[PDB]
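The block underneath contains the structure these notes are about, expressed in structure tokens.
All Cβ positions, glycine included, derive from the backbone under ideal geometry; neighbour counts span all protein chains shown. Every read-out reported here was derived from the displayed coordinates using simple, explicitly stated rules and does not represent laboratory data.
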Amino acid sequence: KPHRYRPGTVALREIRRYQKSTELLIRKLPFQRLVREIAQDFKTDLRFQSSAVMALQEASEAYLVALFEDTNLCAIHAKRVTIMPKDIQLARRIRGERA
Amino acid sequence: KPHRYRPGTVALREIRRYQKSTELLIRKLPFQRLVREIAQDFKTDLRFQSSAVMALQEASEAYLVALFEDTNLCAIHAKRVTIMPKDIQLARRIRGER
Amino acid sequence: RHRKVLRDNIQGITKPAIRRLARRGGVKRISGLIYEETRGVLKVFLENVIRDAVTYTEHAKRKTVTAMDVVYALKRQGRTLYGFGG
Amino acid sequence: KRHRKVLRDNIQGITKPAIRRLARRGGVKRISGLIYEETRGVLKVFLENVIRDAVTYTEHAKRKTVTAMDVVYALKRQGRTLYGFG
Amino acid sequence: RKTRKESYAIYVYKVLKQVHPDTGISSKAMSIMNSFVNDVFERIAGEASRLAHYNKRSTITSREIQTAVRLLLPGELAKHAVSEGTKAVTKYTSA
Amino acid sequence: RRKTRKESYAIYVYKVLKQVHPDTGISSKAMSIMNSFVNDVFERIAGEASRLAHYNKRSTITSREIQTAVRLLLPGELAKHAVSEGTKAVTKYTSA
Amino acid sequence: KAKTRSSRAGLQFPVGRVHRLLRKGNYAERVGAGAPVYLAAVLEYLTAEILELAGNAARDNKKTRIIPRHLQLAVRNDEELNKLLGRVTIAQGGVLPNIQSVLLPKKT
Amino acid sequence: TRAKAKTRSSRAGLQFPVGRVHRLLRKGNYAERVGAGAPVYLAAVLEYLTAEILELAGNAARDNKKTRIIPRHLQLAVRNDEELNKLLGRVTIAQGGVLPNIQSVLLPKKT
DNA sequence: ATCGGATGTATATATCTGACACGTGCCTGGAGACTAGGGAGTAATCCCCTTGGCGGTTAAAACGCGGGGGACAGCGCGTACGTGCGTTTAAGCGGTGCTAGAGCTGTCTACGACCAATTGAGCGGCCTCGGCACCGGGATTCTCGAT
DNA sequence: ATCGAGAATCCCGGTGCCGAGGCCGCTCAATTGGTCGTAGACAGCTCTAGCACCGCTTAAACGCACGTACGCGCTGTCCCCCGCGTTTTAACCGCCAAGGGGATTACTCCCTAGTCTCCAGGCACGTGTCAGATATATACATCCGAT
């Protein structure tokens, strides 16, 4: 008798897990290739220490995570429970991100 | 006769005027007494230069006015054209003021 | 003598003055309890700025607060304000 | 060989479930459809500023290797200070 | 040979022995506290710099550090910092 | 016993105003705002020179550190023309 | 044997006064030769275009004296000068005429 | 010579390096002169702050059933006091994660 | 959907008045010509630590496929606040007085750099085992589909 | 309305192993002990600028009516995104190779603090206009009924 819990049990339970855990999410080699690719524009043929790639990973996840905190408060303040891109644009504008 | 205007013509024309002008527009003696009465708590029997009271007046207008900028974008992002105190609370939490 | 009935300095921030600052901000219509919270927020901001200015003024051991005091105090809170020196 | 090394998503790397995992660390229930492309854009802008500033620190010492102190210093300057590396 | 490097780690370990004496600490947390002590240290050092620059002085004394701690430390955190500070100035000076 | 003084940039700001739009004056509040503006940028760039010299185990602020610190503060286009005028003034200085 | 003149600087902005201000703020222990020339050049550039945009945006108010309103919108109109000064209040500045488009009264 | 070769921290009754902090105040160009008892005062302030954060990570360290402070306990150790959070509100700490916050509309609308 | 009061707002013209661009004087900080120790460019090397490749497994990513609930447009109904007019009322002004304290300048003095010999103290190399993972098994709790 | 699969989550138990903690040499930065110009507490004046006070006008603030439109709750309707099996597929991991570039130590040397005097650049200080606010009268631009 297959029966999925619902739209929200995987969500809220998985929010309890991925808030509860500590480790770094987005994978090492695609992120590393990303930083090298953006790095090629300002200067050719760079080199990275590995821990610096972990550092850009950590600040990048913390900045995105804080952005989803705030855009979540944005869309909840519209009596919605779903992030939509104009909410992202709002928090980037409200915070001051929007140049 | 009626003549009157819509609720919003005096508002929008008033936005053209008070965005257009620049001068200082909270009255100087109630503001001055306000700064002195807030100032009595930390230490007593004070003295102020006048231009410092002008300077706190500038910080008051800059911080409040910018807070209505972000509060107004908050309430417009609710498909509302009227700000409400929860929007003030929202922009204060987004700027990190708690 | 001249009527001096002026109690509650905070209230001295008039409802038309908060209206006027909202008009400069580009706010069309203002709800009911906006003014209470507006006096509260202005009260908090002036409490922090005045506290740091007094801290800047007791350290020089001077009884008089100047304008360079509070331009410094506004600089340190990341709210720098030109037009009074420094 | 490379066995299908075609990174493909030139920058998509941040797969759709990876942005889901960061959003669910942020406490986000339901994610719309165009969120992912904009998320790649915002992450791209943030990394462009951070390593644009970091590569200049690596260029001033005339060194060809970016270190960890480089990016922690350049993060500090942008008001996003990050401990745990120096 | 290998260049010697400084830290704070044995001192943070000593205050850990003072507060909860039978309790461990991990290594990356030790580097967190190290960078924390450096971060606060340049905060009040810089506040002492420009706070001493305003009054046309050229000397950092303990009154300046008392003021600058009363600027960065929020409130209740300022007061016990000033009580421990005066206790350490006077407790130093009594010798 | 007269009194003291205290310098400004107001004559110099007046001179650059005479370079750009020469028959067009300036008011005093805007003069003091420009004054504290150039003190603000002066302390940002000198401060960044301090934080940048304080990393490379060096205790000397030459012009190259000001080049890097300008290439960190000013965004983009005016960083390019700013640094290009800086090379114009170093090279225009020393070639004399 | 001191047969010389006084002319030296011959450029733009006070190299000596700025040089004093680099030496007397405790930034390094010592300050090189070319540096105040460099920083003076940068500040003359920034000063120059900010007064230029206040120049055209002063002529648009048909005046001759630039008031701080002209520095307000003269900064806030360009992107890069705004991003350099995005945390700085200007006294007697006011705002640019920003109006959100939903507030514009539409009709037939 | 000799003269009871004593150090300092014990002249003030602390456990922080007065000499190392003192050298770090003289060697960052903060003032041309640096006074007599300034890093005594400053080492006192930093000892108080260190003791506060390590104290709360100790309380949270028992209260999440370990015997060793990890940086996660520094995350929710710092972010639970108000004033320590206000001193460190612009500071990310690596391997910290997020203190568990759930908005009220996300919690289920059950009976 | 047009037309007209009307009405707030843009357009010359004087007019005082005063804020700014400017001329006089001065004095001290810019500068100019030396010296000197040291910070740093510059060479060369040590090695190590970043890069690269290659094979083996596979957790994760991609993707197809339900399906339902969340966004959103309509819509009716209340209320609260914008608009405008009579009342007040204290803010601005504008002068008048008094002296507390910023600021100046001088007095005298306790205190931080300069060296310079002396040494244990924190730091790196190098052990060593107990706490956290970590399967591995097992009872609890909560959810979701039933009554 | 309230009760069972059953699946995720929490509770002990041996294992291991390795990273946390500790110990032994050991360079060097703290330390101690004198000097020394000097920055700065400290006294005293001064005068000036902040505070106090009083009367008059009045712009502005206050307060009453009123109406409509803005907020907001209900209703339906669609679809986009959540959830879960199935494939694949590229990330992770171990190890092996090579050297380019970071860190080090030394070498040499130009260069920027430091001194003393010399003078004009800017900066304090009268000054008198021409730019702008302020009426002041005057014809457009758009609002708002009423048609």
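The calculated FRET efficiency for residue B:5 paired with residue G:102, based on their beta-carbon distance and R0 = 22 Å, is about 0.65.
Placing dummy labels 7 Å off each Cα toward the beta-carbon, the span from residue H:109 to residue F:18 is 7.4 nm. Counting only whole DSSP H helices of chain C, the ones at least 24 Å long by C-alpha along their axis and with mean Kyte-Doolittle hydropathy no lower than -1.0 are C:34-58. Estimated from helices alone, the mean residue ellipticity of chain F at 222 nm is -23000 deg cm²/dmol (sum of -39500 (n - 2.57) over DSSP H runs with n ≥ 4, per residue). For chain E, the longest principal axis of the C-alpha atoms and the axis of helix E:76-93 are separated by about 90°. Helical runs (DSSP H, four residues minimum) scored at -39500 (n - 2.57) apiece and divided by the length of chain G put the mean residue ellipticity at 222 nm at -14500 deg cm²/dmol. Mean separation of Cα pairs under 8 Å and 6+ residues apart, divided by the residue count of chain A: what relative contact order is that in percent? Computed value for chain A: 16 percent relative contact order.
By other beta-carbon atoms within 10 Å, ranking F:72, G:103 with the fewest at the front produces G:103, F:72. Principal-axis analysis of the Cα atoms of chain B puts helix B:28-39 at an angle of about 60° to the longest axis. Between residue B:46 and residue H:27, the FRET efficiency estimated from the beta carbon spacing at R0 = 60 angstrom works out to 0.90. Extending 7 Å from the Cα toward the beta-carbon at both residue C:14 and residue F:56 defines two label points whose distance is 6.0 nm. Return one number: the angle in degrees, 0 to 90 and rounded to the nearest 10, between the long axis of the Cα atoms of helix A:50-76 and the longest principal axis of the Cα atoms of chain A. Approximately 30 degrees, to the nearest 10. For the pair the range B:34-98 / the range D:47-84, the C-alpha centres are spaced 35 Å from each other. Which residue, A:50, A:60, A:21, has the most motion in a Gaussian network model of chain A that connects Cα atoms within less than 10 Å? Result: A:21 has the largest fluctuation of those listed. Spatially, the range H:3-79 and the range G:40-108 are offset by 47 Å when compared through their Cα centroids. Remark on residue D:66: its backbone amide H falls under 5 Å from those of A:47, A:48, A:49, a criterion applied only to residues 5 or more positions apart or on other chains, H modelled at 1.01 Å from N.
Helical runs (DSSP H, four residues minimum) scored at -39500 (n - 2.57) apiece and divided by the length of chain D put the mean residue ellipticity at 222 nm at -17500 deg cm²/dmol.
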